[PDB]
């Protein structure tokens, strides 16, 4: 069987992900690489009306005290369903075609503009930090994350906050940028922690008060688990209710088999592109399940690109 290489470009917005991705797609032959872009059209029209604008409006409303936390949460929870739809449905139809891992050329390369966890974990978690979402709803999105498919290569990105703020500026919510930057830092640390043998249940008690595929085992306090210590999730004895505890187990199982890589976005567009290109070399590939999986997968991505990317 032919092999496949799936690469999910994710991380906080405004670092140059899209540009970088397209520069990488432009290098390869017409059909040996395909790009599944940001489904902006689904977010602005198909799934609902201007989903991004509504989110930023709601937070602003909440900040000025024009609405309550409860109102904010209801809107954000509903908007993240809508924000993650396209990633979720894409994962579900792609799944059956994915076979086991081959090893670090590929008959097909799929570059995605983000992964499901972006909408089912990171943004929600970041909204929790902004007070616009409850920790319970975040764990609800976490329990709904699709089984992590083999060969899940995810590229997170590092960019100094001052450069980030600059690049991002053309609203401008700096509190949110800080929160999304923190959430993605926590995330990469969570993957290394879990890959190093870390057991949240065993280290839980170390709670009080970034490298993904390199370095020593991070402290649970530097992982995503610490966000989930909120009083809402704590039983009268101080311990996590089992429902939320089990959601934390799902979060571990989903991230542990992922392959995360860090891309230095503090360089030029072509610099980023080559940088991303070099990184693909150590990324795990998988076999497809049927002979007709490659063509089918291309159609799916092109169709997705045409209907939802612009």
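Here, rigid core means the biggest group of C-alpha atoms that superpose within 1.5 Å across both forms. Residue numbers count along the first chain shown, from 1.
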Review point. Is the larger C-alpha RMS shift in 4 other deposited structures of this protein, relative to this form with the rigid core superposed, found in 216-224 or in 118-126?
Key: 216-224
Point to revise | Positional deviation of Cα atoms in 4 other deposited structures of this protein after core superposition, greater for 200-208 or 87-95 | key: 200-208
Point to revise | Unmodelled deposited residues flanked by residue 170 on one side and residue 171 on the other | key: 4 to 9
**Study point:** Deposited but uncoordinated residues in the residue 199/residue 200 interval
**Key:** none
Revision key, fill the gap. The stretch whose C-alpha atoms carry the larger average B-factor in the entry, 273-281 or 56-64, is 56-64
Practice item. Could you check the entry and say whether 22-30 or 241-249 has the higher mean CA B-factor? Key: 22-30
Revision key, fill the gap. Comparing C-alpha B-factors across 163, 219, 115, 182 in this entry, the winner is 163
Practice item. Among 224, 102, 79, 120, single out the one with the highest C-alpha B factor in the record, please. Key: 102
Check your understanding: Compared with the other modelled residues in the chain, in which third is the CA B-factor of residue 108?
Key -> highest
Exercise for review: Using the B-factors in the PDB entry, rank residue 229's C-alpha atom against the chain and give the third, lowest, middle or highest.
Suggested key: highest
Point to revise | residue 69 CA temperature factor, ranked by third within the chain | key: highest
Exercise for review: Check where residue 9 lands among this chain's C-alpha B-factors and tell me if it's the lowest, middle or highest third.
Suggested key: lowest
Practice item. For residue 208, return the chain-relative third of its C-alpha B-factor as stated in the PDB record: lowest, middle or highest. Key: highest
